[PDB]
Amino acid sequence: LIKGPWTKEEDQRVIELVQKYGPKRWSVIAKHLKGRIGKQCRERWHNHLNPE
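Residues numbered from 1 in each chain as written, not as in the entry; some residues may be left out. Heavy atoms only, no water.

- As deposited, the entry is annotated with solution NMR as its determination method.

- The PDB entry annotates the chain as C-MYB of Mus musculus.
- According to its PDB record, this entry is titled "MOUSE C-MYB DNA-BINDING DOMAIN REPEAT 2".

Shown next as structure tokens:
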């Protein structure tokens, strides 16, 4: 299985990666989050973490 149902540590990376690139390029973000994929990365953001 993946690294649990998301963690603050993993989320912290997404936050920065989104700030760096943007709320897109989920392939690039996933490339860094070796474990998750475009769907998970996108979902995590377009649900709760959506300051954008």
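### Topic: the nonpolar core
Okay, so step 1: Membership of the largest hydrophobic core is limited to 10 residues, which are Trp 6, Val 14, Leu 17, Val 18, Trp 26, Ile 29, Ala 30, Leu 33, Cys 41 and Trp 45.
Okay, so step 2: Secondary structure elements with two or more residues in this core: helix 1 (8-20), helix 2 (26-32) and helix 3 (38-45).
Okay, so step 3: Apart from residues no more than four positions distant in its own chain, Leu 17 is found in contact with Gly 22, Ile 29, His 32 and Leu 33. (Core = buried A, V, L, I, M, F, W, Y, C linked by side-chain atoms within 4.5 Å. Buried < 20%, exposed > 50% of the residue type's maximum accessible area, 1.4 Å probe, protein only. Helix = DSSP H or I, 4+ residues; strand = E, 2+ residues; numbered from the N terminus. Contact = heavy atoms within 4.5 Å.)

### Some points on helix 3
Every α-helix carries 3.6 residues per turn, so stepping three or four residues along brings you back to the same face.
Okay, so step 1: Listed as buried for helix 3 are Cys 41, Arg 44 and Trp 45. Down the axis of helix 3, the buried set is contained in an arc of 95 degrees. They therefore lie on one face. (Arc of directions from axis to C-beta.)

### Section: the packing of aromatic side chains
By convention here, two paired aromatic rings are described through the distance between centres and the angle between planes.
Okay, so step 1: Counted according to the given criterion, the structure contains zero aromatic pairs.
Okay, so step 2: One cation-aromatic arrangement involves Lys 20 over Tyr 21; the distance from NZ or CZ to the ring centre is 5.5 Å.
Okay, so step 3: Taking NZ or CZ as reference, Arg 36 lies 4.2 Å from the ring centre of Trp 6, over its face. (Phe/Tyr/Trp six-rings, centres within 6.5 Å; stacked < 30°, edge-to-face > 60°. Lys NZ or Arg CZ within 6 Å of the ring centre and 35° of its normal.)

### Overview of unusual backbone geometry
Okay, so step 1: Even without being a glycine, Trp 6 presents a positive backbone phi close to 65 degrees.
Okay, so step 2: For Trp 6, the location among the structural elements is in the segment before helix 1.
Okay, so step 3: For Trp 6, a relative accessible area of 14% translates into the label buried.
Okay, so step 4: Positive phi is not limited to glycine here, since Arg 25 has a value of about 55 degrees.
Okay, so step 5: With respect to the helices, strands and loops of the structure, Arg 25 is situated in the loop between helix 1 and helix 2.

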